[PDB]
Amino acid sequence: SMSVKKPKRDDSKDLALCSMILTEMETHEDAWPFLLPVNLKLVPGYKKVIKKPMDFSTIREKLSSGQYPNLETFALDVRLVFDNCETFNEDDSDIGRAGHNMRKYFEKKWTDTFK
């Protein structure tokens, strides 16, 4: 509360660490469905169904231009990519399996890096 503070966690390296994690996700062999935005003009259903599209290139642009106020807002956009993928794709599809794999990959990096 007013004039009563928790000890300050060192967040000075957060931007650099999130960038390293994103680089590792960009270079994963299963990253190909998530590198660029889904083409809303060529994929039926996607625009109406998926209310907040997100992809790695869009996350990279936001990270590079100061659009994440903190760690957690970054993780929210990464998870959104995989939540969108589950909504639109069957678990037993190539893109469906890719999404499950990349989510597992991310969450281990997230825990190891910040927890």
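The first residue of the shown sequence is 1; numbering continues from there. The term rigid core refers to the most C-alpha atoms you can superpose between the two forms while keeping them within 1.5 Å.
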Stretch farther from the shown model on average in 8 other deposited structures of this protein, with CA RMS computed after core superposition (104 to 112, 3 to 11): 3 to 11
Mean C-alpha B factor from the entry: is it higher for 61 to 69 or for 74 to 82? 61 to 69
Mean Cα B factor from the PDB record: higher for 6 to 14, or higher for 101 to 109? 6 to 14
Chain thirds by Cα B factor, record data; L42 belongs to the highest
If you rank the chain by CA B-factor, which third does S19 end up in: lowest, middle or highest? middle
